[PDB]
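Structure, as structure tokens:
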Number of protein chains: 2
Amino acid sequence: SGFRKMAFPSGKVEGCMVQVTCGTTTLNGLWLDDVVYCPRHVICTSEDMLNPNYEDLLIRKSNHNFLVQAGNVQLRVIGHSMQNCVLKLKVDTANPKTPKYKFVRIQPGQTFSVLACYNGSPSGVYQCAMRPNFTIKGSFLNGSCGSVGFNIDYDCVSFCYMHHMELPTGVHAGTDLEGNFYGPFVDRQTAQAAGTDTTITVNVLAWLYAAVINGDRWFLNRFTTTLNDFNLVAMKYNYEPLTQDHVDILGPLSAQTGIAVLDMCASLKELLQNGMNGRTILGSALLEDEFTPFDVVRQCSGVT
Amino acid sequence: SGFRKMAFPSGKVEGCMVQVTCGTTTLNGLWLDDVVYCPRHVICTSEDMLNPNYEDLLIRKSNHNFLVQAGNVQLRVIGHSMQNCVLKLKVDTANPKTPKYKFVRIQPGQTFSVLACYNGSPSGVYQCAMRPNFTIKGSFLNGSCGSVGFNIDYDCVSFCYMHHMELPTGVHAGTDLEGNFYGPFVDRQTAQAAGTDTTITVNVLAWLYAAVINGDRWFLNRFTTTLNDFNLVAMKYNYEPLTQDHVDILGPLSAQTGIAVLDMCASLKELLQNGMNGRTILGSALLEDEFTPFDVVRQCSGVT
Ligand SMILES: Cc1ccncc1NC(=O)Cc1cccc(C(F)(F)F)c1
Ligand SMILES: Cc1ccncc1NC(=O)Cc1cccc(C(F)(F)F)c1
């Protein structure tokens, strides 16, 4: 028993982290096979950032201008290309530590582990969620660009996020491993604000099931509700509308605990309307929305 | 900017995790050099657990009775010994992935990363704190015994915790890597309750500095206090008494933000007496005590 914001073990991702320098800019790169992936803003200067013409900037760059270093050894760049907002640096050596991997585009509400890196070296790992407004609430400083978000299915690492920028609101924006930004964000130092951030209802319900599984049952009540009634309350509190698809994913958790999904919804309804009254759930004084139903099943069953 | 409960990258520890079987019991082991460390309760049966005579039980065991497996390959046990509550299984092969390591006994209030494991395989990594009552609030299931807690200083892994048991209160108890339990706990399935759990005051103050560094400044006030006045309030709310040693460790955070330690104490005093009033600090509705002043400096400066 016990419930933690658990990240995936980061070893398979540490062996992929390299340092990429271009001009006076140094960020992180992802070395998979004979290719190094990194943010394309590596080719910019602090003046270029206001409105960079990445096509024109890349044209003034050669393979020898991109300095790639894995650990303390230099990699030989034999090709460079821009794919959306990432550069793909073809190196002459395949990464001997390349794991089984996939490049996947996650959905808002889905969670992932971030391996924060500086100068190609790992500093820490934390569990994150793609916000419904496509931002991430991470922990990143100057030099962290190139840090990746990932998930692990037994031996396969599914890369989903590459960190690119911090918005003036302190929140983080990035791309998938094909260089497409999540959300409306552009890699330009301009006025950018994310949409309204809603709470991932299905994740909060999944964490309510994790609480019951661990003994924290105080919030359970004698009531039920309907999807429509619950959703009227969810909208009032800027929660994601709950669908039958969400109910179905909560099926295993409902089966394990014997508490019907709509019954759990009624508990959530009362928690939203009445608050926690000074109590805590799983050591938290607010409703946690960064554990998907898959994360709860995984953590409560010990999937390695 | 941004602040997360960040764990150390776990790669150096994944390469040490093995599976140790003895009789019908399977738990995790730590392979460092030619030695495998694991909980000594691996030699017990479900009947022996009520009051095991570990000396007598170990005597009925030979080197060939301990099945050690790293990945999918078998290790040859050439020696076995009991050191306090751990078994040290000498194997004929040194771990080719052994990092630079130390065995350290941490203090209550200090934090560490846990790599939770099942059948010698890693499932996840989270950041933990040694509670003042010497328990840990982790996430462990049957098969997780042998999972280690650690800290990383550049290339050196300092092992501090080995997971042994869950108390009937759902909290976790374990030893250092010399087999000495933290706290009064014994590796016996008997009535065991931990002392009163107090809040690590210096860590809460360190996290208040992390909040100010990230823009969450609402809780800052026009007041100050003294160590004695603050401590009268800390005792009333079961907080650890703040000493001059704690003030000194908060020196770098005080210097960075320009907010005197006693000034921050006065904010904490008002937060304890008046509550959060429905607001949040670093996305939390309660006072976080699982980040030491070292963790805050490390995360806010990007130490790899
Ligand atoms: C300083 C920091 C902190 C956290 N995460 C990331 C960062 N770094 C940045 O944002 C770097 C940056 C600066 C201006 C413009 C861009 C660009 F995407 F090209 F538009 C990127
Ligand atoms: C089931 C579980 C969950 C979380 N963490 C740990 C566990 N497992 C245990 O506690 C195993 C255990 C059982 C009874 C007695 C002991 C002993 F330490 F020898 F005394 C240990």
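Chain A residue numbers are taken from Swiss-Prot; in order, the displayed residues are 3264-3567.
Determined via X-ray crystallography, 2.0 Å.
Here the Cβ of each residue, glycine as well, is placed from N, Cα and C on the backbone.
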Annotated ubiquitin cross-link residue, as Swiss-Prot has it, among A:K3353, A:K3532: A:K3353
Against chain B, in sequence order - recorded positions A:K3268, A:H3304, A:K3353 with Cβ under 8 Å: A:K3268
Distance from A:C3408 (active site, nucleophile) back to A:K3268 (ubiquitin cross-link), taken between C-alpha atoms, in Å: 23
Between A:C3408 (active site, nucleophile) and A:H3304 (active site, for 3CL-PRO activity): CA-CA distance (Å): 9
Listed recorded positions adjacent to ligand 1, that is, members of A:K3268, A:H3304, A:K3353 whose C-beta is under 6 A away: A:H3304
A:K3268, A:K3353 as recorded sites, winner by CB count within 10 A: A:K3268
Long-range Cβ environment of A:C3408 (active site, nucleophile), under 8 Å and at least 6 residues apart: A:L3290, A:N3291, A:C3301, A:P3302, A:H3304, A:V3305, A:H3426, A:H3427, A:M3428
In three-state DSSP terms, the structure that A:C3408 (active site, nucleophile) belongs to: coil
